[PDB]
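Enquirer: curious how this folds, go ahead:
(one chain, ligands or ions: 1)
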Amino acid sequence: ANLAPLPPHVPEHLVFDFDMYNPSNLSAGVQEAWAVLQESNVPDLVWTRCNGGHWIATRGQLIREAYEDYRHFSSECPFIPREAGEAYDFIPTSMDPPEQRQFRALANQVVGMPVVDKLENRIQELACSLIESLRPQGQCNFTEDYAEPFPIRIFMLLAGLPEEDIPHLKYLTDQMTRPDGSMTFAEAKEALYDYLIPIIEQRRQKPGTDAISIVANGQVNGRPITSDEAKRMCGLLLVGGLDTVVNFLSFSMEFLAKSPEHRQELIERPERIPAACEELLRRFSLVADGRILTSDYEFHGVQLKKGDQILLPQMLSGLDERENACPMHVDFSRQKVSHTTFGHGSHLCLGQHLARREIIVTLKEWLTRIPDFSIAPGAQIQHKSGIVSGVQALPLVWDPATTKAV
Ligand code: HEM
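Expert: Numbering: from 1, shown residues only. The protein structure is shown below:
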């Protein structure tokens, strides 16, 4: 890899060239690959020369800490590389309190608990339809057959966007989280905003009841939201809607496809599913963004310099043995599932209730109809890493004679 020149103020012993877009031991799994940052030979706060050079807090306590101190760690540049953090202007994430506060309130109206509760029937229906549709096939490509359509259509439904725009939209968000080099972030950004601008003006003239209409005609600071702000808020919703649960579902199903005992457990004790959901969210956490130093600052003995970027992997907190014993083992009965999978501080994920709902429904509905399944033989499952990690393909197979329509 191409390392960037070690800045003068960075100690050589703090260097650890970890590449968040292509971790060295990715073949062992993306979480495993990131967990190497937590080995004994790695300091708690290191500096990677990769992707332009930036710090990485490797421990749950430091990640939580930095996330709570927005005064030193600004959300103004939350992505690595720097070009990505700059071209990034999403709302409410590119804002630090108290500003993001109002915008966070409005985004909550469109994805908050009340919306989720109201959409629960639709969510349940879709899961049941998708699964009953596959149950007899005796096989499927989970990533394209379920993980993608289930959450995305629910989001398209909630946003009032045609399911026909999904391919184009999904490619653009994936470009922002796991860049393939085809275009810069600013370009993926633009392409995404190009799609929204007309829609926003449209729903501004003729407001509807969809999320985009609600956002576009919402109010912030006691006054109306601008088209720009509406667009920046919606760009983020698109990413959360098309590139989060979509990826997380595959990590969990890959796992269940190999854990017959874990499946049996939720089959018999469905009351355990919400706990299983939280534990899988810990073990298969997948997000990693960060902050930018607002000024020179000494953190846990390390001298941080104004302008310095620091990755605070939400993914690492719950994997930290200091936070959970035997962090790599999945135990649905963990007395306390500690994690920051949905973030920490003033930017706690607003779509986590929807995510949990979607996850719990999948677990229940899938295991009901298709209790016994496994990964297709010879299949090699591969992961991908970035601001949000995912799974390349997930071929599953099963005996329809063991399934059952409900
Ligand atoms: C498994 C699913 C998901 C995970 C793991 C996840 C994770 C995250 C994380 C870690 C943050 C904080 C980032 C930071 O502090 O810089 C965040 C913020 C946010 N997420 Fe999610 N998210 C998920 C699903 C969703 C969904 C489905 C939506 C729906 C559009 C969504 C909407 C948001 C919003 C609006 C914010 C901004 C909150 C703020 O800045 O105050 N997320 N998400």
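Enquirer: quick one: end-to-end distance for stretch 330-338.
Expert: 13 Å (Cα to Cα, to the nearest Å).
Enquirer: how distant is it from the center of its chain?
Expert: 21 Å (Cα atoms, centre = their mean, to the nearest Å).
Enquirer: what does the helix or strand residue 109 falls within contact?
Expert: Using DSSP states H and E, residue 109 maps to helix 100-111. With contacts defined as Cβ atoms under 8 Å, 6 or more residues apart in numbering, helix 100-111 is touched by 75, 91-93, 95, 115, 158, 211, 214-215, 218-221, 225, 229, 233, 236-237, 240, 346-347, 350-351, 353-354. For the C-beta atoms, the positions are set from N, CA and C on the backbone; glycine is no exception.
Enquirer: which of these are close to the ligand?
Expert: 92, 93, 236, 237, 240, 347, 350, 351, 354 (Cβ under 6 Å from any ligand atom).
Enquirer: take the residues you listed and keep only those in helices.
Expert: 236, 237, 240, 354 (DSSP state H).
Enquirer: just put these in JSON lines and tack on neighbour count.
Expert: Shown next, in JSON lines, are those (neighbours: other Cβ atoms under 10 Å):
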{"residue": "236", "neighbour count": "20"}
{"residue": "237", "neighbour count": "22"}
{"residue": "240", "neighbour count": "22"}
{"residue": "354", "neighbour count": "26"}
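Enquirer: and the residues you listed, which two are the farthest apart?
Expert: Distances among those were taken as Cβ to Cβ; the most separated pair is 236 and 354, at 13.8 Å.
Enquirer: which residues in the stretch 251-400 of the chain form helices?
Expert: Counting by DSSP state H, counting those that start in this stretch, the segments of the stretch 251-400 of the chain that form helices are 260-268, 273-283, 314-317, 352-369.
Enquirer: helix/strand/coil for residue 33?
Expert: Three-state assignment for residue 33 (DSSP: H, G, I helix; E, B strand; the rest coil): helix.
Enquirer: that one contacts residue 25, correct?
Expert: Yes: with contact defined as Cβ atoms under 8 Å, residue 33 and residue 25 form a contacting pair (4.5 Å).
Enquirer: who has more neighbours out of those two?
Expert: residue 33 (21 against 12; other Cβ atoms under 10 Å).
Enquirer: so who does the more buried one touch?
Expert: 23, 24, 25, 26, 383, 385.
Enquirer: next: residue 379.
Expert: By Cβ under 8 Å, 6+ apart, the neighbours of residue 379 are 393, 395.
Enquirer: let the chain start at 234 from now.
Expert: From this message on, residue numbering opens at 234, which makes the last subject residue 612.
Enquirer: sorry, back to before: out of the contacts of residue 266, which two sit at the greatest distance?
Expert: 257 and 616 (13.0 Å).
Enquirer: which one's more surrounded, those two?
Expert: Using other Cβ under 10 Å, the more surrounded residue of residue 257 and residue 616 is residue 616, with 22 against 12.
Enquirer: name the nearest residue to residue 281, ignoring sequence neighbours.
Expert: Leaving aside its chain neighbours, residue 281 sits nearest to residue 251 (4.7 Å; criterion: Cβ to Cβ, 6 or more residues apart in numbering).
Enquirer: quick one: that neighbour from residue 324, how far?
Expert: 30 Å (Cβ to Cβ, to the nearest Å).
Enquirer: interface residues of the stretch 334-483 of the chain facing the ligand?
Expert: Counting by Cβ under 6 Å from any ligand atom, the stretch 334-483 of the chain sits next to the ligand at 337, 340, 344, 469, 470, 473, 474, 477, 478, 481.
Enquirer: quick one: which of these is nearest residue 435?
Expert: residue 470 (16.6 Å).
Enquirer: quick check: the residue of the stretch 384-533 of the chain nearest the ligand.
Expert: residue 473 (2.5 Å; Cβ to the nearest ligand atom).
Enquirer: so that residue makes contact with residue 584?
Expert: Yes: here residue 473 reaches residue 584: they are 4.7 Å apart, a contact under Cβ under 8 Å.
Enquirer: show me what contacts the closest residue to residue 312 other than its chain neighbours?
Expert: Counting by Cβ to Cβ, 6+ apart, residue 312 lies nearest to residue 318, which is 4.0 Å off, once chain neighbours are set aside. Residues near residue 318 by Cβ under 8 Å, 6+ apart: 310, 311, 312, 525, 542.
Enquirer: show me what the nearest residue to the second one once chain neighbours are set aside bridges to in the sheet.
Expert: If you skip the residues right next to it in sequence, residue 311 has residue 522 as its closest partner in space, 4.9 Å away by Cβ to Cβ, 6+ apart. For residue 522, the beta-bridge partners under DSSP bridges are residue 545.
Enquirer: got a list of what residue 522 touches?
Expert: Applying Cβ under 8 Å, 6+ apart, the residues near residue 522 are 311, 312, 313, 544, 545, 547, 620.
Enquirer: so how far is residue 321 from it?
Expert: 9 Å.
Enquirer: same question for residue 569.
Expert: Taken as Cβ to Cβ, the span from residue 569 to residue 321 is 33 Å.
Enquirer: same question, residue 590
Expert: Taken as Cβ to Cβ, the span from residue 590 to residue 321 is 28 Å.
Enquirer: tell me which of these two has more neighbours.
Expert: Higher neighbour count among residue 590 and residue 321: residue 321, with 23 against 20, using other Cβ under 10 Å.
Enquirer: so that one sits against residue 309, correct?
Expert: No: using Cβ under 8 Å, residue 321 is not in contact with residue 309, being 9.2 Å away.
Enquirer: overlap of the contact sets of those two?
Expert: In contact with both residue 321 and residue 309: residue 327, using Cβ under 8 Å, 6+ apart.
Enquirer: filter the contacts of residue 522 by proximity to the ligand?
Expert: Counting by Cβ under 6 Å from any ligand atom, the members of those that reach the ligand are 311, 547.
Enquirer: residue contacts, the spatially closest residue to residue 304 that is not a sequence neighbour?
Expert: Using Cβ to Cβ, 6+ apart and skipping the chain neighbours, the partner closest in space to residue 304 is residue 527 (6.8 Å). Residue 527 makes contact with 304, 305, 306, 307, 539, according to Cβ under 8 Å, 6+ apart.
Enquirer: kindly recompute the last result at 10 Å.
Expert: 302, 303, 304, 305, 306, 307, 309, 329, 539, 540 (Cβ atoms under 10 Å, 6 or more residues apart in numbering).
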